[PDB]
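Peer 1: Dropping in the first section of the assembly, placed as in the complex:
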Amino acid sequence: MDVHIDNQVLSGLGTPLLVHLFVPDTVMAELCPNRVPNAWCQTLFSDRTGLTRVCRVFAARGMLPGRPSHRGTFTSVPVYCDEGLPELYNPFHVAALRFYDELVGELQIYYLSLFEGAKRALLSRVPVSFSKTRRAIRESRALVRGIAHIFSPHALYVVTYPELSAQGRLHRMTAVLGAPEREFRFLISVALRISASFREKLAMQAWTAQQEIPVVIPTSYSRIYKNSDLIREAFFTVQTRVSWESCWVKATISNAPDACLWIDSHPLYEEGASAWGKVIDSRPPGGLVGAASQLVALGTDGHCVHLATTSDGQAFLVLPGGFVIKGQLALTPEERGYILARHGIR
Amino acid sequence: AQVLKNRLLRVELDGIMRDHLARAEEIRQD
Amino acid sequence: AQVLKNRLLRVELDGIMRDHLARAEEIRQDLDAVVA
Amino acid sequence: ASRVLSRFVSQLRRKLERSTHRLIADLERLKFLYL
């Protein structure tokens, strides 16, 4: 319970009330491989979308709960959406975290899964952490309760405990949707406009390939890939469930820091949720010929479609087979600032 | 959205049962 | 296809489960007013 | 004598039993509103 009293006196500037929680290792293992993170709070609104300041959450892992039943990581969620009096709760209201060590993996949590279980679980001197002395005397089992998670179907333990007035006001609060409805529709909107840009670039040209990346191709390429076999190019737009892991936003976050290339690569047909948001590097002493080795290793991928984004506002789609279709990236810069505030600072 | 609403009705349903079990306190003195 | 149909079944189900409490509340408010 | 006022406190206990059914009763209406 070390992180509980570690960000309860630090996050009190940006947030009135702080919640203490657990994440099991089993539920967040598909967020990040090999438990590489060791956070950033950004609660987005359901009907009142906007943008909010980012709050920092101190989390430390590898340390168990008081229960021996499950052993997982520690976390905390700030609650600061409730304007003025926090007696109102916003229902169907997400809270999004950016847990990280070196930014990797994302977590989304409803306020309703949080708050329903929070009521369910119930000549100087040196300065003393009065919260630390008050935390130490509870030390019991029923402070922690297991609550199912609506995003990912697992039990997420919250630890609340009759500590002080700050949690004391918390369980007395009650009040009388569309928060994940927007982010899917937004990403599919920009994916539809990108596929329309590729449609008009294939239309103003002949229906042909320019083949930016060289790779050798067999004679049976029109057989083993059928005539107008755009099955992957059909279903590409359904396969992009994520955006903030995608390389599509990696160009927009890298405009201010200069310009490299980013790759969203997907399986020809359901071979696995492959890869999102990687780098093609010209900075290190691998150099431009080292980046060209990566790009020909990209074009030689015979079982994956590829999408390329540049940081300067251009988008490409590399077919398996070295073929490519040029395209444009440009969008209304309100959504640029929207994504830039969704990730971090403007 | 359907499986979201299914877990969403299962997380709200225990709230009214916890409220009823809180109302069952006043039963014990009557 | 038919989550409309299962939604109608759960709607009529919560209707007939509200029926039991609408039955029981008035009977519980009748049996305590005989104390006069 | 001493058996008079408990009959008055019983209706006060019934008063909260009457009024706190609305706290349940608006909640299923909210369930129908959201779902």
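Peer 2: In hand now; what should we look at? Numbering: from 1, shown residues only, chains lettered A, B, ... in the order given.

Peer 1: residues from chain A in reach of chain D?
Peer 2: Neighbours of chain D within chain A, by CB under 8 Å from any CB of the partner chain: A:91, A:92, A:176, A:177. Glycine gets a C-beta too; all of them are placed from N, C-alpha and C.

Peer 1: Wait, the first one touches residue A:177, no?
Peer 2: Yes. When contacts are counted by CB atoms under 8 Å, residue A:91 is listed as touching residue A:177 (7.5 Å).

Peer 1: can you pull the contacts of the residue in chain B that chain D sits nearest to?
Peer 2: With distances taken as CB to the nearest CB, chain B approaches chain D most closely at residue B:16, which sits 5.4 Å away. Remark: with contacts taken as CB atoms under 8 Å, 6 or more residues apart in numbering or on different chains, residue B:16 is in contact with D:24, D:27, D:28.

Peer 1: 7 Å instead?
Peer 2: With contacts defined as CB atoms under 7 Å, 6 or more residues apart in numbering or on different chains, the neighbours of residue B:16 are D:24, D:27.

Peer 1: tell me which element it falls in.
Peer 2: When secondary structure is defined by DSSP states H and E, residue B:16 falls within helix B:2-29.

Peer 1: quick one: that helix to chain centroid distance?
Peer 2: Relative to the centre of its chain, helix B:2-29 is centred 0 Å away, using CA atoms, centre = their mean, to the nearest Å.

Peer 1: Buried residues, that helix. List them.
Peer 2: Residues of helix B:2-29 classed as buried by neighbour count (16 or more other CB atoms under 10 Å in any protein chain shown): B:7, B:8, B:11, B:12, B:15, B:19.

Peer 1: put chain E onto that model:
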Amino acid sequence: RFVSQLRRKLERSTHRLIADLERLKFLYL
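Peer 2: Placing chain E onto the earlier chains gives this:
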């Protein structure tokens, strides 16, 4: 004093029963 026992056992029987009805609801979906 005999009214404060049968009424109490029957409302205990219905407060277990409304939980059984929500359990039948969870049995449905």
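
Peer 1: same question on the contacts of residue B:16, but now with chain E added
Peer 2: With contacts defined as CB under 7 Å, 6+ apart, the neighbours of residue B:16 are D:24, D:27.

Peer 1: Quickly note the distance from it to chain C.
Peer 2: Computed as CB to the nearest CB, to the nearest Å, the residue B:16 to chain C distance reads 11 Å.

Peer 1: Then residue A:167?
Peer 2: Remark: distance between residue A:167 and chain C (CB to the nearest CB) = 33 Å.

Peer 1: Doesn't that residue lie inside a strand?
Peer 2: No. When the secondary structure is assigned by DSSP: H, G, I helix; E, B strand; the rest coil, residue A:167 falls in helix instead of a strand.

Peer 1: Please tell me I have it right and it contacts residue A:173.
Peer 2: No. In this structure, residue A:167 is not within contact of residue A:173 by CB atoms under 7 Å, at 11.0 Å.

Peer 1: Distance from the longest helix along chain A to the middle of the chain?
Peer 2: Under DSSP state H, the helix in chain A containing the largest number of residues is helix A:181-204. Distance of helix A:181-204 from its chain centroid, counting by CA atoms, centre = their mean, is 21 Å.

Peer 1: Contact partners for the closest residue to chain B within chain D?
Peer 2: In chain D, the residue that lies nearest chain B is residue D:27 (5.4 Å; CB to the nearest CB). Residue D:27 sits next to residue B:16 when contact means CB under 7 Å, 6+ apart.

Peer 1: quick one, phi psi at it?
Peer 2: With angles defined as degrees, to the nearest 10, residue D:27 sits at phi -80, psi -40.

Peer 1: Repeat that for residue A:156.
Peer 2: Note on residue A:156: its backbone torsions stand at phi -110, psi 110 [degrees, to the nearest 10].
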